[PDB]
$ cat target-v2.cif   # mmCIF, N, CA, C and O atoms
data_coords
#
loop_
_atom_site.label_atom_id
_atom_site.label_comp_id
_atom_site.auth_asym_id
_atom_site.auth_seq_id
_atom_site.Cartn_x
_atom_site.Cartn_y
_atom_site.Cartn_z
N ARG A 1001 -19.19 51.61 23.58
CA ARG A 1001 -18.62 50.55 24.47
C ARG A 1001 -18.21 49.34 23.62
O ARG A 1001 -18.83 49.09 22.57
N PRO A 1002 -17.19 48.59 24.05
CA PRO A 1002 -16.77 47.45 23.25
C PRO A 1002 -17.91 46.45 23.04
O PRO A 1002 -18.74 46.26 23.93
N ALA A 1003 -17.92 45.82 21.87
CA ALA A 1003 -18.94 44.82 21.55
C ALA A 1003 -18.88 43.60 22.46
O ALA A 1003 -19.90 42.93 22.64
N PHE A 1004 -17.72 43.28 23.04
CA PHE A 1004 -17.65 42.12 23.94
C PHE A 1004 -18.51 42.30 25.18
O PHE A 1004 -18.84 41.32 25.85
N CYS A 1005 -18.90 43.55 25.48
CA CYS A 1005 -19.80 43.83 26.61
C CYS A 1005 -21.18 43.18 26.45
O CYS A 1005 -21.92 43.02 27.43
N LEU A 1006 -21.50 42.82 25.21
CA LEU A 1006 -22.76 42.17 24.86
C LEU A 1006 -22.67 40.63 24.88
O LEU A 1006 -23.68 39.96 24.72
N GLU A 1007 -21.48 40.08 25.09
CA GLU A 1007 -21.30 38.62 25.21
C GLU A 1007 -21.86 38.08 26.51
O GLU A 1007 -21.73 38.70 27.58
N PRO A 1008 -22.45 36.88 26.45
CA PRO A 1008 -22.81 36.20 27.70
C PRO A 1008 -21.53 35.83 28.43
O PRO A 1008 -20.47 35.74 27.78
N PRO A 1009 -21.63 35.59 29.75
CA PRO A 1009 -20.43 35.13 30.46
C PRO A 1009 -20.09 33.71 30.01
O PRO A 1009 -21.00 32.90 29.72
N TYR A 1010 -18.79 33.41 29.92
CA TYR A 1010 -18.34 32.11 29.47
C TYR A 1010 -17.57 31.41 30.60
O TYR A 1010 -16.42 31.76 30.89
N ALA A 1011 -18.22 30.45 31.26
CA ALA A 1011 -17.60 29.69 32.35
C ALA A 1011 -16.45 28.84 31.80
O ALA A 1011 -15.39 28.72 32.43
N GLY A 1012 -16.65 28.30 30.60
CA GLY A 1012 -15.62 27.55 29.90
C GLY A 1012 -15.50 26.12 30.38
O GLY A 1012 -16.27 25.68 31.25
N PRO A 1013 -14.54 25.37 29.81
CA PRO A 1013 -14.38 23.95 30.11
C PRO A 1013 -13.65 23.59 31.40
O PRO A 1013 -13.54 22.41 31.71
N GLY A 1014 -13.17 24.58 32.15
CA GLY A 1014 -12.19 24.32 33.21
C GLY A 1014 -12.80 23.83 34.51
O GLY A 1014 -14.01 23.94 34.72
N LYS A 1015 -11.95 23.29 35.38
CA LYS A 1015 -12.42 22.72 36.65
C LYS A 1015 -12.27 23.67 37.83
O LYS A 1015 -12.63 23.31 38.97
N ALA A 1016 -11.73 24.86 37.60
CA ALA A 1016 -11.66 25.84 38.68
C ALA A 1016 -13.05 26.39 38.96
O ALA A 1016 -13.97 26.22 38.14
N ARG A 1017 -13.20 27.03 40.12
CA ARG A 1017 -14.42 27.77 40.46
C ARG A 1017 -13.99 29.12 41.00
O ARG A 1017 -13.69 29.25 42.19
N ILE A 1018 -13.91 30.09 40.10
CA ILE A 1018 -13.36 31.39 40.41
C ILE A 1018 -14.46 32.41 40.20
O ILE A 1018 -15.05 32.47 39.11
N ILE A 1019 -14.71 33.22 41.23
CA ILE A 1019 -15.75 34.22 41.13
C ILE A 1019 -15.21 35.36 40.29
O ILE A 1019 -14.17 35.93 40.59
N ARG A 1020 -15.93 35.65 39.19
CA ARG A 1020 -15.58 36.74 38.32
C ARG A 1020 -16.82 37.58 38.07
O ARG A 1020 -17.93 37.18 38.42
N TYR A 1021 -16.64 38.75 37.46
CA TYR A 1021 -17.73 39.62 37.10
C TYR A 1021 -17.89 39.69 35.60
O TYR A 1021 -16.90 39.59 34.86
N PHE A 1022 -19.13 39.85 35.15
CA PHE A 1022 -19.41 40.17 33.75
C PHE A 1022 -20.38 41.34 33.70
O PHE A 1022 -21.12 41.59 34.66
N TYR A 1023 -20.38 42.08 32.58
CA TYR A 1023 -21.39 43.09 32.38
C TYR A 1023 -22.60 42.42 31.73
O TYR A 1023 -22.51 41.86 30.64
N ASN A 1024 -23.72 42.45 32.43
CA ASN A 1024 -24.98 41.96 31.92
C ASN A 1024 -25.66 43.13 31.20
O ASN A 1024 -26.26 44.00 31.83
N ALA A 1025 -25.54 43.16 29.88
CA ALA A 1025 -26.10 44.27 29.12
C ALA A 1025 -27.64 44.34 29.17
O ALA A 1025 -28.22 45.42 29.11
N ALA A 1026 -28.31 43.19 29.30
CA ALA A 1026 -29.78 43.18 29.41
C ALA A 1026 -30.21 43.91 30.71
O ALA A 1026 -31.20 44.65 30.72
N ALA A 1027 -29.44 43.69 31.78
CA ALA A 1027 -29.70 44.31 33.07
C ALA A 1027 -29.06 45.68 33.17
O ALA A 1027 -29.45 46.49 34.02
N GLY A 1028 -28.06 45.94 32.33
CA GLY A 1028 -27.33 47.20 32.40
C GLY A 1028 -26.48 47.27 33.67
O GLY A 1028 -26.28 48.34 34.22
N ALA A 1029 -25.94 46.14 34.12
CA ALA A 1029 -25.23 46.12 35.40
C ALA A 1029 -24.19 45.01 35.47
O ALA A 1029 -24.29 44.01 34.75
N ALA A 1030 -23.18 45.18 36.33
CA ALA A 1030 -22.18 44.14 36.58
C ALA A 1030 -22.76 43.04 37.48
O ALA A 1030 -23.43 43.34 38.47
N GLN A 1031 -22.48 41.77 37.16
CA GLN A 1031 -23.00 40.63 37.93
C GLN A 1031 -21.92 39.58 38.05
O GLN A 1031 -20.96 39.61 37.32
N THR A 1032 -22.05 38.67 39.00
CA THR A 1032 -21.03 37.62 39.16
C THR A 1032 -21.35 36.36 38.37
O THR A 1032 -22.54 36.05 38.10
N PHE A 1033 -20.30 35.62 38.02
CA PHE A 1033 -20.45 34.26 37.51
C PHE A 1033 -19.25 33.46 37.97
O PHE A 1033 -18.31 34.02 38.54
N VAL A 1034 -19.28 32.16 37.72
CA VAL A 1034 -18.19 31.28 38.16
C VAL A 1034 -17.43 30.82 36.93
O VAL A 1034 -17.99 30.16 36.06
N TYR A 1035 -16.16 31.22 36.86
CA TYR A 1035 -15.28 30.95 35.73
C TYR A 1035 -14.45 29.70 36.04
O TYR A 1035 -13.98 29.53 37.16
N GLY A 1036 -14.30 28.82 35.05
CA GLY A 1036 -13.60 27.54 35.20
C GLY A 1036 -12.08 27.59 35.11
O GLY A 1036 -11.40 26.55 35.23
N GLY A 1037 -11.52 28.78 34.89
CA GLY A 1037 -10.07 28.97 34.94
C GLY A 1037 -9.32 28.76 33.63
O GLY A 1037 -8.10 28.94 33.59
N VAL A 1038 -10.03 28.36 32.58
CA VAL A 1038 -9.38 28.12 31.29
C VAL A 1038 -10.20 28.72 30.14
O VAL A 1038 -11.44 28.70 30.15
N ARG A 1039 -9.49 29.30 29.18
CA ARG A 1039 -10.11 29.85 27.97
C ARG A 1039 -11.13 30.99 28.22
O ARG A 1039 -12.20 31.01 27.62
N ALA A 1040 -10.77 31.94 29.08
CA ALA A 1040 -11.58 33.14 29.30
C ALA A 1040 -11.86 33.93 28.04
O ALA A 1040 -10.99 34.09 27.17
N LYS A 1041 -13.10 34.40 27.95
CA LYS A 1041 -13.52 35.35 26.95
C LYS A 1041 -13.42 36.75 27.58
O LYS A 1041 -13.03 36.89 28.74
N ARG A 1042 -13.78 37.78 26.82
CA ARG A 1042 -13.46 39.15 27.23
C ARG A 1042 -14.39 39.76 28.29
O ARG A 1042 -13.98 40.66 29.03
N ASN A 1043 -15.63 39.29 28.34
CA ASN A 1043 -16.59 39.78 29.33
C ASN A 1043 -16.39 39.00 30.64
O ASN A 1043 -17.19 38.14 31.01
N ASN A 1044 -15.29 39.28 31.32
CA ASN A 1044 -14.80 38.44 32.43
C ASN A 1044 -13.83 39.32 33.19
O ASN A 1044 -12.73 39.59 32.69
N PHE A 1045 -14.23 39.80 34.36
CA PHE A 1045 -13.47 40.82 35.09
C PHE A 1045 -13.21 40.41 36.54
O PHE A 1045 -13.97 39.61 37.10
N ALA A 1046 -12.16 40.98 37.15
CA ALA A 1046 -11.83 40.74 38.56
C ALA A 1046 -12.81 41.38 39.53
O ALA A 1046 -12.94 40.94 40.66
N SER A 1047 -13.51 42.42 39.09
CA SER A 1047 -14.37 43.16 40.01
C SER A 1047 -15.47 43.85 39.24
O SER A 1047 -15.36 44.00 38.02
N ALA A 1048 -16.51 44.28 39.95
CA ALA A 1048 -17.64 44.98 39.35
C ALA A 1048 -17.14 46.28 38.76
O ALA A 1048 -17.56 46.65 37.67
N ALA A 1049 -16.24 46.97 39.48
CA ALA A 1049 -15.64 48.23 39.00
C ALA A 1049 -14.90 48.06 37.68
O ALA A 1049 -14.99 48.92 36.80
N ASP A 1050 -14.17 46.96 37.52
CA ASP A 1050 -13.47 46.69 36.25
C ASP A 1050 -14.44 46.46 35.11
O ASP A 1050 -14.19 46.90 33.98
N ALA A 1051 -15.54 45.76 35.39
CA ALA A 1051 -16.56 45.49 34.37
C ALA A 1051 -17.23 46.79 33.93
O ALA A 1051 -17.45 47.00 32.75
N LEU A 1052 -17.52 47.68 34.87
CA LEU A 1052 -18.07 48.99 34.51
C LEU A 1052 -17.05 49.90 33.82
O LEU A 1052 -17.42 50.67 32.92
N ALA A 1053 -15.78 49.83 34.20
CA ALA A 1053 -14.76 50.66 33.54
C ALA A 1053 -14.74 50.36 32.05
O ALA A 1053 -14.55 51.26 31.23
N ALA A 1054 -14.95 49.08 31.71
CA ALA A 1054 -14.96 48.65 30.32
C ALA A 1054 -16.31 48.89 29.61
O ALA A 1054 -16.33 49.34 28.46
N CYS A 1055 -17.42 48.64 30.30
CA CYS A 1055 -18.71 48.46 29.67
C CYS A 1055 -19.84 49.43 30.03
O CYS A 1055 -20.93 49.37 29.41
N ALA A 1056 -19.62 50.31 31.01
CA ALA A 1056 -20.68 51.20 31.50
C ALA A 1056 -21.17 52.17 30.44
O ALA A 1056 -22.33 52.06 29.99
#

$ encode --input "target-v2.cif" --output "C-alpha cells"
Amino acid sequence: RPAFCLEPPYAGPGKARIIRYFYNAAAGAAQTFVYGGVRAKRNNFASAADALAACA
C-alpha cells in the first residue's frame, strides 16, 4: 500500500470545513476528519470507499 496511507490527516491552514476521509493505519480503518480546503496532503479522500481503494 502507498506510504501516504501512514500519514496523519492534515486539516491544513484553510478556513473551510469539509468532511473528508483518511485511512487511520493504527485502527486499520477509514475515518472522517475536517479539511480546511487548502494544501491537501494525500491521505485525504471523498469517501470511506476511496480511502480503502487506496489503503486497504

$ resolve_selection --input "target-v2.cif" --expression "the PyMOL selection byres ((chain A and resi 1033) around 5)" --output "PDB file with N, CA, C and O atoms, keeping the file's coordinate frame"
ATOM      1  N   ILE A1018     -13.910  30.090  40.100  1.00  0.00           N
ATOM      2  CA  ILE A1018     -13.360  31.390  40.410  1.00  0.00           C
ATOM      3  C   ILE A1018     -14.460  32.410  40.200  1.00  0.00           C
ATOM      4  O   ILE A1018     -15.050  32.470  39.110  1.00  0.00           O
ATOM      5  N   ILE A1019     -14.710  33.220  41.230  1.00  0.00           N
ATOM      6  CA  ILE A1019     -15.750  34.220  41.130  1.00  0.00           C
ATOM      7  C   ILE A1019     -15.210  35.360  40.290  1.00  0.00           C
ATOM      8  O   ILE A1019     -14.170  35.930  40.590  1.00  0.00           O
ATOM      9  N   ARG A1020     -15.930  35.650  39.190  1.00  0.00           N
ATOM     10  CA  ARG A1020     -15.580  36.740  38.320  1.00  0.00           C
ATOM     11  C   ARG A1020     -16.820  37.580  38.070  1.00  0.00           C
ATOM     12  O   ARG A1020     -17.930  37.180  38.420  1.00  0.00           O
ATOM     13  N   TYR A1021     -16.640  38.750  37.460  1.00  0.00           N
ATOM     14  CA  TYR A1021     -17.730  39.620  37.100  1.00  0.00           C
ATOM     15  C   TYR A1021     -17.890  39.690  35.600  1.00  0.00           C
ATOM     16  O   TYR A1021     -16.900  39.590  34.860  1.00  0.00           O
ATOM     17  N   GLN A1031     -22.480  41.770  37.160  1.00  0.00           N
ATOM     18  CA  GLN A1031     -23.000  40.630  37.930  1.00  0.00           C
ATOM     19  C   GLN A1031     -21.920  39.580  38.050  1.00  0.00           C
ATOM     20  O   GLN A1031     -20.960  39.610  37.320  1.00  0.00           O
ATOM     21  N   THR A1032     -22.050  38.670  39.000  1.00  0.00           N
ATOM     22  CA  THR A1032     -21.030  37.620  39.160  1.00  0.00           C
ATOM     23  C   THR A1032     -21.350  36.360  38.370  1.00  0.00           C
ATOM     24  O   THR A1032     -22.540  36.050  38.100  1.00  0.00           O
ATOM     25  N   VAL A1034     -19.280  32.160  37.720  1.00  0.00           N
ATOM     26  CA  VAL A1034     -18.190  31.280  38.160  1.00  0.00           C
ATOM     27  C   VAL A1034     -17.430  30.820  36.930  1.00  0.00           C
ATOM     28  O   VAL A1034     -17.990  30.160  36.060  1.00  0.00           O
ATOM     29  N   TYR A1035     -16.160  31.220  36.860  1.00  0.00           N
ATOM     30  CA  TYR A1035     -15.280  30.950  35.730  1.00  0.00           C
ATOM     31  C   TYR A1035     -14.450  29.700  36.040  1.00  0.00           C
ATOM     32  O   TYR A1035     -13.980  29.530  37.160  1.00  0.00           O
TER      33      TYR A1035
END

$ atom_distance --input "target-v2.cif" --atom1 "atom C of residue 1011 in chain A" --atom2 "atom N of residue 1056 in chain A"
21.7 Å

$ residues_around --input "target-v2.cif" --residues "residue 1028 in chain A" --least-positions-apart "5" --cutoff "8 Å" --atoms "all atoms listed in the file" --output "PyMOL selection string"
chain A and resi 1022-1023+1055-1056

$ write_last_selection --input "target-v2.cif" --atoms "N, CA, C and O atoms" --output "compact mmCIF listing (two decimals), in the frame of the given file"
# COMPACT_ATOMS: atom_id res chain seq x y z
N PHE A 1022 -19.13 39.85 35.15
CA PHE A 1022 -19.41 40.17 33.75
C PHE A 1022 -20.38 41.34 33.70
O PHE A 1022 -21.12 41.59 34.66
N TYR A 1023 -20.38 42.08 32.58
CA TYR A 1023 -21.39 43.09 32.38
C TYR A 1023 -22.60 42.42 31.73
O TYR A 1023 -22.51 41.86 30.64
N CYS A 1055 -17.42 48.64 30.30
CA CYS A 1055 -18.71 48.46 29.67
C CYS A 1055 -19.84 49.43 30.03
O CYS A 1055 -20.93 49.37 29.41
N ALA A 1056 -19.62 50.31 31.01
CA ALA A 1056 -20.68 51.20 31.50
C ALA A 1056 -21.17 52.17 30.44
O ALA A 1056 -22.33 52.06 29.99

$ residues_around --input "target-v2.cif" --residues "residue 1008 in chain A" --least-positions-apart "2" --cutoff "9 Å" --atoms "only C-alpha atoms" --output "PDB file with N, CA, C and O atoms, keeping the file's coordinate frame"
ATOM      1  N   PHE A1004     -17.720  43.280  23.040  1.00  0.00           N
ATOM      2  CA  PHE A1004     -17.650  42.120  23.940  1.00  0.00           C
ATOM      3  C   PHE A1004     -18.510  42.300  25.180  1.00  0.00           C
ATOM      4  O   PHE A1004     -18.840  41.320  25.850  1.00  0.00           O
ATOM      5  N   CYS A1005     -18.900  43.550  25.480  1.00  0.00           N
ATOM      6  CA  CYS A1005     -19.800  43.830  26.610  1.00  0.00           C
ATOM      7  C   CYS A1005     -21.180  43.180  26.450  1.00  0.00           C
ATOM      8  O   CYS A1005     -21.920  43.020  27.430  1.00  0.00           O
ATOM      9  N   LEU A1006     -21.500  42.820  25.210  1.00  0.00           N
ATOM     10  CA  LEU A1006     -22.760  42.170  24.860  1.00  0.00           C
ATOM     11  C   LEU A1006     -22.670  40.630  24.880  1.00  0.00           C
ATOM     12  O   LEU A1006     -23.680  39.960  24.720  1.00  0.00           O
ATOM     13  N   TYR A1010     -18.790  33.410  29.920  1.00  0.00           N
ATOM     14  CA  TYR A1010     -18.340  32.110  29.470  1.00  0.00           C
ATOM     15  C   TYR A1010     -17.570  31.410  30.600  1.00  0.00           C
ATOM     16  O   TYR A1010     -16.420  31.760  30.890  1.00  0.00           O
ATOM     17  N   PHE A1022     -19.130  39.850  35.150  1.00  0.00           N
ATOM     18  CA  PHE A1022     -19.410  40.170  33.750  1.00  0.00           C
ATOM     19  C   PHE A1022     -20.380  41.340  33.700  1.00  0.00           C
ATOM     20  O   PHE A1022     -21.120  41.590  34.660  1.00  0.00           O
ATOM     21  N   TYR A1023     -20.380  42.080  32.580  1.00  0.00           N
ATOM     22  CA  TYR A1023     -21.390  43.090  32.380  1.00  0.00           C
ATOM     23  C   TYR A1023     -22.600  42.420  31.730  1.00  0.00           C
ATOM     24  O   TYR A1023     -22.510  41.860  30.640  1.00  0.00           O
ATOM     25  N   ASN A1024     -23.720  42.450  32.430  1.00  0.00           N
ATOM     26  CA  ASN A1024     -24.980  41.960  31.920  1.00  0.00           C
ATOM     27  C   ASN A1024     -25.660  43.130  31.200  1.00  0.00           C
ATOM     28  O   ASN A1024     -26.260  44.000  31.830  1.00  0.00           O
ATOM     29  N   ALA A1025     -25.540  43.160  29.880  1.00  0.00           N
ATOM     30  CA  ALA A1025     -26.100  44.270  29.120  1.00  0.00           C
ATOM     31  C   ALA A1025     -27.640  44.340  29.170  1.00  0.00           C
ATOM     32  O   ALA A1025     -28.220  45.420  29.110  1.00  0.00           O
ATOM     33  N   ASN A1043     -15.630  39.290  28.340  1.00  0.00           N
ATOM     34  CA  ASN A1043     -16.590  39.780  29.330  1.00  0.00           C
ATOM     35  C   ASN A1043     -16.390  39.000  30.640  1.00  0.00           C
ATOM     36  O   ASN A1043     -17.190  38.140  31.010  1.00  0.00           O
TER      37      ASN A1043
END

$ select_by_dssp --input "target-v2.cif" --residues "chain A" --states "strand (DSSP E or B)" --output "JSON, numbers by chain"
{"A": [1018, 1019, 1020, 1021, 1022, 1023, 1024, 1029, 1030, 1031, 1032, 1033, 1034, 1035, 1045]}

$ atom_distance --input "target-v2.cif" --atom1 "atom O of residue 1037 in chain A" --atom2 "atom N of residue 1012 in chain A"
9.1 Å

$ atom_distance --input "target-v2.cif" --atom1 "CA of residue 1015 in chain A" --atom2 "atom O of residue 1051 in chain A"
25.1 Å

$ closest_residue --input "target-v2.cif" --among "A:1041, A:1016, A:1036, A:1030" --to "residue 1053 in chain A" --atoms "only C-alpha atoms"
A:1030

$ closest_residue --input "target-v2.cif" --among "A:1050, A:1001, A:1039, A:1026" --to "residue 1014 in chain A" --atoms "only N, CA, C and O atoms"
A:1039

$ select_by_dssp --input "target-v2.cif" --residues "chain A" --states "helix (DSSP H, G or I)" --output "VMD selection string"
chain A and resid 1003 to 1006 1048 to 1055

$ closest_residue --input "target-v2.cif" --among "A:1003, A:1046, A:1052, A:1017" --to "residue 1029 in chain A" --atoms "only N, CA, C and O atoms"
A:1052

$ axis_aligned_box --input "target-v2.cif" --around "range 1018-1036 of chain A" --padding-each-side "8 Å" --output "AutoDock Vina command-line options"
--center_x -21.3 --center_y 37.4 --center_z 35.2 --size_x 35.8 --size_y 37.8 --size_z 28.1
